[PDB]
file upload.pdb (PDB, C-alpha atoms)
ATOM      1  CA  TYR T 659     128.546 128.815 106.187
ATOM      2  CA  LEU T 660     125.649 129.695 108.492
ATOM      3  CA  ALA T 661     123.318 128.453 105.763
ATOM      4  CA  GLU T 662     125.297 125.204 105.727
ATOM      5  CA  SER T 663     124.868 124.946 109.488
ATOM      6  CA  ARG T 664     121.144 125.646 109.145
ATOM      7  CA  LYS T 665     120.739 122.924 106.517
ATOM      8  CA  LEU T 666     122.777 120.464 108.573
ATOM      9  CA  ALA T 667     120.863 121.664 111.639
ATOM     10  CA  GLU T 668     117.460 120.796 110.195
ATOM     11  CA  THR T 669     119.015 117.597 108.829
ATOM     12  CA  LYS T 670     120.490 116.297 112.084
ATOM     13  CA  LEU T 671     117.480 117.453 114.085
ATOM     14  CA  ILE T 672     115.285 115.787 111.453
ATOM     15  CA  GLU T 673     116.994 112.406 111.735
ATOM     16  CA  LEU T 674     117.433 112.912 115.489
ATOM     17  CA  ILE T 675     113.793 113.552 116.353
ATOM     18  CA  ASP T 676     112.852 111.174 113.528
ATOM     19  CA  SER T 677     114.607 108.087 114.885
ATOM     20  CA  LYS T 678     114.030 109.214 118.487
ATOM     21  CA  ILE T 679     110.282 108.536 118.444
ATOM     22  CA  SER T 680     110.654 105.780 115.858
ATOM     23  CA  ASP T 681     110.170 103.033 118.457
ATOM     24  CA  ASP T 700      96.653 102.640 118.900
ATOM     25  CA  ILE T 701      97.412 105.048 121.750
ATOM     26  CA  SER T 702     101.209 104.655 121.715
ATOM     27  CA  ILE T 703     101.345 105.955 118.134
ATOM     28  CA  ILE T 704      98.796 108.556 119.265
ATOM     29  CA  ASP T 705     101.305 109.279 122.008
ATOM     30  CA  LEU T 706     103.810 109.446 119.162
ATOM     31  CA  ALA T 707     101.275 111.720 117.491
ATOM     32  CA  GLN T 708     101.332 113.492 120.853
ATOM     33  CA  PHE T 709     105.101 113.313 120.495
ATOM     34  CA  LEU T 710     104.391 114.758 117.070
ATOM     35  CA  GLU T 711     102.418 117.355 119.011
ATOM     36  CA  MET T 712     105.034 118.264 121.630
ATOM     37  CA  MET T 713     108.046 118.170 119.317
ATOM     38  CA  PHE T 714     106.572 119.212 115.976
ATOM     39  CA  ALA T 715     103.048 120.576 116.372
ATOM     40  CA  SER T 716     103.756 122.575 119.558
ATOM     41  CA  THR T 717     107.474 123.394 119.692
ATOM     42  CA  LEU T 718     108.503 123.192 116.037
ATOM     43  CA  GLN T 719     105.133 124.564 114.889
ATOM     44  CA  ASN T 720     106.025 127.944 116.414
ATOM     45  CA  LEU T 721     108.884 128.483 113.985
ATOM     46  CA  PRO T 722     108.103 126.164 111.091
ATOM     47  CA  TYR T 723     104.672 126.566 109.623
ATOM     48  CA  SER T 724     107.250 126.324 106.849
ATOM     49  CA  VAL T 725     109.711 123.420 106.591
ATOM     50  CA  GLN T 726     108.092 121.356 109.307
ATOM     51  CA  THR T 727     105.358 121.586 106.689
ATOM     52  CA  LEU T 728     108.069 120.166 104.452
ATOM     53  CA  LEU T 729     108.920 117.854 107.365
ATOM     54  CA  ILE T 730     105.300 116.910 107.388
ATOM     55  CA  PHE T 731     106.740 115.115 104.351
ATOM     56  CA  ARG T 732     110.473 115.082 105.161
ATOM     57  CA  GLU T 733     109.865 113.826 108.714
ATOM     58  CA  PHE T 734     106.175 113.052 109.292
ATOM     59  CA  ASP T 735     105.393 111.435 105.958
ATOM     60  CA  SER T 736     108.886 110.110 106.384
ATOM     61  CA  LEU T 737     107.156 108.881 109.522
ATOM     62  CA  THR T 738     104.503 107.597 107.157
ATOM     63  CA  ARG T 739     107.385 106.206 105.128
ATOM     64  CA  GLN T 740     109.097 105.188 108.367
ATOM     65  CA  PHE T 741     105.827 104.078 109.945
ATOM     66  CA  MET T 742     105.087 102.544 106.550
ATOM     67  CA  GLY T 743     108.194 100.351 106.625
ATOM     68  CA  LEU T 744     107.638  99.817 110.346
ATOM     69  CA  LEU T 745     104.265  98.369 109.347
ATOM     70  CA  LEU T 746     105.954  96.790 106.300
ATOM     71  CA  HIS T 747     109.124  95.080 107.573
ATOM     72  CA  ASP T 748     107.579  91.843 108.898
ATOM     73  CA  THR T 749     104.563  92.289 111.125
ATOM     74  CA  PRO T 750     104.698  89.844 114.039
ATOM     75  CA  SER T 751     101.332  89.794 115.854
ATOM     76  CA  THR T 752     100.508  93.534 115.698
ATOM     77  CA  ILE T 753      97.444  92.990 113.484
ATOM     78  CA  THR T 754      93.961  91.639 114.314
ATOM     79  CA  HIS T 755      90.314  92.631 114.227
ATOM     80  CA  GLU T 756      91.317  94.922 117.127
ATOM     81  CA  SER T 757      95.102  95.297 116.780
ATOM     82  CA  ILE T 758      95.061  96.244 113.102
ATOM     83  CA  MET T 759      91.874  98.099 113.992
ATOM     84  CA  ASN T 760      94.184  99.909 116.411
ATOM     85  CA  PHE T 761      96.362 100.545 113.363
ATOM     86  CA  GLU T 762      93.331 102.566 112.266
ATOM     87  CA  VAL T 763      93.893 104.361 115.577
ATOM     88  CA  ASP T 764      97.494 104.695 114.330
ATOM     89  CA  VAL T 765      97.602 105.073 110.531
ATOM     90  CA  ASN T 766      94.047 106.187 109.818
ATOM     91  CA  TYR T 767      94.584 108.440 112.822
ATOM     92  CA  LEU T 768      97.689 109.514 110.909
ATOM     93  CA  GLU T 769      95.178 110.266 108.140
ATOM     94  CA  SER T 770      93.499 112.776 110.492
ATOM     95  CA  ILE T 771      95.019 115.668 108.511
ATOM     96  CA  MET T 823      96.825 114.949 102.700
ATOM     97  CA  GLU T 824      97.936 111.487 101.573
ATOM     98  CA  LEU T 825      98.600 109.462 104.764
ATOM     99  CA  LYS T 826      95.648 107.021 104.672
ATOM    100  CA  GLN T 827      97.941 104.186 103.617
ATOM    101  CA  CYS T 828      98.866 101.612 106.261
ATOM    102  CA  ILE T 829      95.397 101.274 107.836
ATOM    103  CA  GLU T 830      93.851 100.808 104.381
ATOM    104  CA  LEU T 831      93.141  97.209 103.245
ATOM    105  CA  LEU T 832      94.755  95.795 106.416
ATOM    106  CA  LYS T 833      92.789  97.046 109.457
ATOM    107  CA  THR T 834      90.216  94.213 109.554
ATOM    108  CA  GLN T 835      92.407  91.149 110.344
ATOM    109  CA  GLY T 836      93.686  90.780 106.801
ATOM    110  CA  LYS T 837      93.839  87.073 106.020
ATOM    111  CA  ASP T 838      92.005  86.684 102.683
ATOM    112  CA  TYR T 839      93.040  86.438  99.042
ATOM    113  CA  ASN T 840      92.064  90.064  98.420
ATOM    114  CA  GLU T 841      93.261  91.104 101.867
ATOM    115  CA  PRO T 842      96.790  89.918 100.974
ATOM    116  CA  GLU T 843      96.684  90.652  97.255
ATOM    117  CA  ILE T 844      94.833  93.926  97.807
ATOM    118  CA  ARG T 845      97.171  94.525 100.727
ATOM    119  CA  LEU T 846      99.787  94.625  97.977
ATOM    120  CA  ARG T 847      97.932  96.242  95.072
ATOM    121  CA  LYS T 848      95.202  98.232  96.866
ATOM    122  CA  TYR T 849      96.784  99.314 100.182
ATOM    123  CA  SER T 850      98.726 102.061  98.428
ATOM    124  CA  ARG T 851     100.172 105.518  99.368
ATOM    125  CA  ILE T 852     102.873 103.501 101.201
ATOM    126  CA  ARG T 853     105.403 100.920 100.055
ATOM    127  CA  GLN T 854     104.154  97.523  98.904
ATOM    128  CA  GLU T 855     106.119  95.588 101.527
ATOM    129  CA  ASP T 856     103.020  95.989 103.745
ATOM    130  CA  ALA T 857     101.263  92.885 102.395
ATOM    131  CA  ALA T 858     103.723  90.301 103.720
ATOM    132  CA  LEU T 859     103.530  92.403 106.886
ATOM    133  CA  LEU T 860      99.735  92.203 106.557
ATOM    134  CA  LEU T 861      98.898  88.594 105.669
ATOM    135  CA  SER T 862     102.106  86.518 105.433
ATOM    136  CA  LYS T 863     103.678  87.247 108.796
ATOM    137  CA  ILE T 864     100.519  88.952 110.040
ATOM    138  CA  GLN T 865      97.876  86.328 109.257
ATOM    139  CA  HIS T 866      99.736  83.441 110.737
ATOM    140  CA  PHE T 867     100.326  86.201 113.300
ATOM    141  CA  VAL T 868      96.877  87.791 112.987
ATOM    142  CA  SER T 869      95.664  84.200 113.171
ATOM    143  CA  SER T 870      97.956  83.999 116.197
ATOM    144  CA  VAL T 871      96.361  87.234 117.481
ATOM    145  CA  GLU T 872      93.152  87.635 119.464
ATOM    146  CA  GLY T 873      90.465  88.069 116.843
ATOM    147  CA  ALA T 874      92.010  85.557 114.470
ATOM    148  CA  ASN T 875      91.203  85.342 110.772
ATOM    149  CA  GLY T 876      93.263  82.477 109.367
ATOM    150  CA  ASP T 877      96.780  81.465 108.330
ATOM    151  CA  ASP T 878      95.676  80.972 104.741
ATOM    152  CA  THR T 879      97.826  80.525 101.656
ATOM    153  CA  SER T 880      95.451  83.037 100.117
ATOM    154  CA  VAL T 881      96.912  85.198 102.889
ATOM    155  CA  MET T 882     100.515  84.012 103.177
ATOM    156  CA  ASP T 883     101.092  82.994  99.550
ATOM    157  CA  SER T 884      99.600  86.051  97.832
ATOM    158  CA  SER T 885     101.050  88.215 100.624
ATOM    159  CA  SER T 886     104.542  86.796 100.102
ATOM    160  CA  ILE T 887     103.928  86.724  96.328
ATOM    161  CA  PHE T 888     101.852  89.759  95.346
ATOM    162  CA  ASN T 889     104.156  91.917  97.476
ATOM    163  CA  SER T 890     107.387  90.074  96.669
TER
END
call {"tool": "encode", "arguments": {"input": "upload.pdb", "output": "structure tokens"}}
result
Amino acid sequence: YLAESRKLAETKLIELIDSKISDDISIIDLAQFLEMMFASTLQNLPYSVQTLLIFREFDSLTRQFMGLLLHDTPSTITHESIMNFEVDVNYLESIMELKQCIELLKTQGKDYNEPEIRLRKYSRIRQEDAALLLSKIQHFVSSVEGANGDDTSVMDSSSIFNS
């Protein structure tokens, strides 16, 4: 029964601290929230299963930050904003498979191969991060400072190659 409470303990703390910090430098502050919660407090005990919660929570924060960058990206992408996603997701690649969401999207993705290679060549995350790279996020990266175009090479192959 104590094992059941330990499993449910790591479970409810996993979803708790997971969705707690679920809501650049703010993700680096979330990586500093990954410092204070995981890499300082939880690192003392778990060089184990926080190593599993490097997958079960933190690559589930690359799955969760994946789908956060893959739901529908309104205006958080540009030549600086998605370059700040390199300060978020390629900074999540600072440690070994989390180079996903800043790949093939960080440079104001609004091209045919930026959308279609945001689907087929922005991998290690889910492939919903093309419509949230060049369909919402190139009418929205085109709506962002450092615009690159609301193309149908962007929006059509981003809403088509992904979906």
call {"tool": "resolve_selection", "arguments": {"input": "upload.pdb", "expression": "the PyMOL selection byres ((chain T and resi 700-708) around 9)", "output": "PyMOL selection string"}}
result
chain T and resi 679-680+709-713+715+757-765+767-768
call {"tool": "write_last_selection", "arguments": {"input": "upload.pdb", "atoms": "C-alpha atoms", "output": "mmCIF file, in the frame of the given file"}}
result
data_model
loop_
_atom_site.group_PDB
_atom_site.id
_atom_site.type_symbol
_atom_site.label_atom_id
_atom_site.label_comp_id
_atom_site.auth_asym_id
_atom_site.auth_seq_id
_atom_site.Cartn_x
_atom_site.Cartn_y
_atom_site.Cartn_z
ATOM 1 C CA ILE T 679 110.282 108.536 118.444
ATOM 2 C CA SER T 680 110.654 105.780 115.858
ATOM 3 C CA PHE T 709 105.101 113.313 120.495
ATOM 4 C CA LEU T 710 104.391 114.758 117.070
ATOM 5 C CA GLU T 711 102.418 117.355 119.011
ATOM 6 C CA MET T 712 105.034 118.264 121.630
ATOM 7 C CA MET T 713 108.046 118.170 119.317
ATOM 8 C CA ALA T 715 103.048 120.576 116.372
ATOM 9 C CA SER T 757 95.102 95.297 116.780
ATOM 10 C CA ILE T 758 95.061 96.244 113.102
ATOM 11 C CA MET T 759 91.874 98.099 113.992
ATOM 12 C CA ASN T 760 94.184 99.909 116.411
ATOM 13 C CA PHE T 761 96.362 100.545 113.363
ATOM 14 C CA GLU T 762 93.331 102.566 112.266
ATOM 15 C CA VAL T 763 93.893 104.361 115.577
ATOM 16 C CA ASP T 764 97.494 104.695 114.330
ATOM 17 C CA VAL T 765 97.602 105.073 110.531
ATOM 18 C CA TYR T 767 94.584 108.440 112.822
ATOM 19 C CA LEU T 768 97.689 109.514 110.909
#
call {"tool": "resolve_selection", "arguments": {"input": "upload.pdb", "expression": "the PyMOL selection byres ((chain T and resi 824) around 10)", "output": "JSON, numbers by chain"}}
result
{"T": [731, 735, 738, 768, 769, 771, 823, 825, 826, 827, 850, 851, 852]}
call {"tool": "residues_around", "arguments": {"input": "upload.pdb", "residues": "residue 743 in chain T", "least_positions_apart": "3", "cutoff": "9 Å", "atoms": "all atoms listed in the file", "output": "list in words"}}
result
residues 738, 739, 740, 746, 747, 748, 852, 853, 855 and 856 of chain T
call {"tool": "write_last_selection", "arguments": {"input": "upload.pdb", "atoms": "C-alpha atoms", "output": "PDB file, in the frame of the given file"}}
result
ATOM      1  CA  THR T 738     104.503 107.597 107.157  1.00  0.00           C
ATOM      2  CA  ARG T 739     107.385 106.206 105.128  1.00  0.00           C
ATOM      3  CA  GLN T 740     109.097 105.188 108.367  1.00  0.00           C
ATOM      4  CA  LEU T 746     105.954  96.790 106.300  1.00  0.00           C
ATOM      5  CA  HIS T 747     109.124  95.080 107.573  1.00  0.00           C
ATOM      6  CA  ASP T 748     107.579  91.843 108.898  1.00  0.00           C
ATOM      7  CA  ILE T 852     102.873 103.501 101.201  1.00  0.00           C
ATOM      8  CA  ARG T 853     105.403 100.920 100.055  1.00  0.00           C
ATOM      9  CA  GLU T 855     106.119  95.588 101.527  1.00  0.00           C
ATOM     10  CA  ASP T 856     103.020  95.989 103.745  1.00  0.00           C
TER      11      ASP T 856
END
call {"tool": "resolve_selection", "arguments": {"input": "upload.pdb", "expression": "the PyMOL selection byres ((chain T and resi 860-876) around 6)", "output": "ChimeraX atom specification"}}
result
/T:749-751,753-755,835-837,842,856-859,877-878,881-882,885-886
call {"tool": "axis_aligned_box", "arguments": {"input": "upload.pdb", "around": "range 757-767 of chain T", "padding_each_side": "5 Å", "output": "JSON"}}
result
{"center_x": 94.7, "center_y": 101.9, "center_z": 113.3, "size_x": 15.7, "size_y": 23.1, "size_z": 17.0}
call {"tool": "atom_distance", "arguments": {"input": "upload.pdb", "atom1": "CA of residue 831 in chain T", "atom2": "CA of residue 845 in chain T"}}
result
5.5 Å
call {"tool": "atom_distance", "arguments": {"input": "upload.pdb", "atom1": "CA of residue 766 in chain T", "atom2": "CA of residue 847 in chain T"}}
result
18.2 Å
call {"tool": "atom_distance", "arguments": {"input": "upload.pdb", "atom1": "CA of residue 672 in chain T", "atom2": "CA of residue 742 in chain T"}}
result
17.4 Å
call {"tool": "closest_residue", "arguments": {"input": "upload.pdb", "among": "T:725, T:675, T:661, T:829", "to": "residue 737 in chain T", "atoms": "all atoms listed in the file"}}
result
T:675
call {"tool": "closest_residue", "arguments": {"input": "upload.pdb", "among": "T:660, T:728, T:832, T:721", "to": "residue 846 in chain T", "atoms": "only C-alpha atoms"}}
result
T:832
